[PDB]
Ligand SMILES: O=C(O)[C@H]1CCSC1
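Encoded as structure tokens, the following chain is the form deposited without the named molecule, with no partner shown.
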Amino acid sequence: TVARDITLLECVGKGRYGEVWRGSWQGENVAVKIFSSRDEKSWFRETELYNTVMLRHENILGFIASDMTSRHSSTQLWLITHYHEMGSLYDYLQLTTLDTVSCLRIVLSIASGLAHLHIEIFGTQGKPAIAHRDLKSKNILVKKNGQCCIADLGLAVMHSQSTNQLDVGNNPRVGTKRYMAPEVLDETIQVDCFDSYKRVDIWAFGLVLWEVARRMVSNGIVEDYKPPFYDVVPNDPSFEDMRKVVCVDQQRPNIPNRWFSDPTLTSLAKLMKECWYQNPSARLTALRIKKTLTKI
């Protein structure tokens, strides 16, 4: 097993989900995710998706290996992937501002990744439709070429037209509350319809677009990095803080006036508002977003 050969060097992420370490393996950095004992269904789901489906795409965090090892006198579940030293989009947006080309590169490569997940590919070399269910800026990494890749398939849902079998797994984990779509927060989401989960992804992608656009300079200014709904919920908002803001008060992120004086940001403002329709079926698709961003 690889697990015992990897040298863990420093912790680069920690939460209720577990930890991620920068590790050394075969003379290279690798990312090692060590799952909390409470989150093993996530490791199960990610391993399934990376080893059984062979998910591989330039805008999807690149799988290396999945492993069971016992360190420190207990058995841990490890996921090992490429390590992106630029870190998460969430951190990246805090340490730098963006020009037009860099902003569009970022958001388009996210669209590319999410389209690839959402769309079914038939044949000997293919994949079922996949919905992410926890898309956020901390689950997006920034590559050295300035594109991004989507990470954390632990909540993935799958569907194939071959079988008409919706596969939601058995994970008790739920999405990051700050990013939950209205229909999740008010528990009217249609849980047996695969499209529902794609539309939850599109809502969260809209929020990520907002986070990114704020950091694009126009007429010499930018907004500070903030997370969606920073102004109306505390850190680590409860399910009820979000339900009140998003469902009862029907809040959406505010568009800064200066965006309408720049054409790219105007275009992006139009997109993100069409990810935020309360009616889930009215929201844009990943492929549509991808197509529009390509033209901008």
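For clarity, a rigid core is taken as the largest C-alpha set superposing within 1.5 Å between two forms. From 1 onward, residues are counted along the sequence shown.
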{"query": "RMS CA shift, core-fitted in 6 other deposited structures of this protein, bigger for 232-240 or for 257-265", "finding": "232-240"}
{"query": "RMS CA shift, core-fitted in 6 other deposited structures of this protein, bigger for 74-82 or for 90-98", "finding": "74-82"}
{"query": "Third-or-more of other entries without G146", "finding": "no"}
{"query": "Residue gap status of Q165, at least a third of other entries", "finding": "yes"}
{"query": "Mean temperature factor over C-alpha atoms, higher-scoring stretch between 164-172 and 201-209", "finding": "164-172"}
{"query": "Selected stretch [higher average CA B-factor]: 68-76 or 191-199", "finding": "68-76"}
{"query": "Residue selected from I140, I121, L93, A115 by maximal Cα B factor", "finding": "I121"}
{"query": "Out of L61, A31, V53, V248, highest CA B-factor residue", "finding": "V53"}
{"query": "Lowest, middle or highest third - CA B-factor, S267", "finding": "middle"}
{"query": "Relative C-alpha B-factor of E10, binned into the chain's lowest, middle or highest third", "finding": "lowest"}
{"query": "B-factor third for the C-alpha atom of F44 within its chain", "finding": "highest"}
{"query": "Third assignment of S261 from its chain's C-alpha B-factors", "finding": "lowest"}
{"query": "Chain thirds of CA B-factor: placement of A282", "finding": "highest"}
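Beyond the structure shown, there is the form solved in complex with the named molecule, which is absent from this document and is the topic of what follows.
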item: 4.5 Å heavy atom contact, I121 and the named molecule in the entry with it bound; value: yes
item: In the entry with it bound, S112 touching the named molecule (heavy atom, 4.5 Å); value: yes
item: Exercise: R214 in contact with the named molecule in the entry with it bound, heavy atom 4.5 Å; value: no
item: Proximity of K198 to the named molecule in the entry with it bound, heavy atoms at 4.5 Å; value: no
item: Full three-residue contact with the named molecule in the entry with it bound, heavy atom 4.5 Å, for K41, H116 and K290; value: yes
item: Stretch in contact in the entry with it bound with the named molecule, which is absent here, among 227-235, 244-252, 259-267, 41-49 (heavy atoms within 4.5 Å); value: 41-49
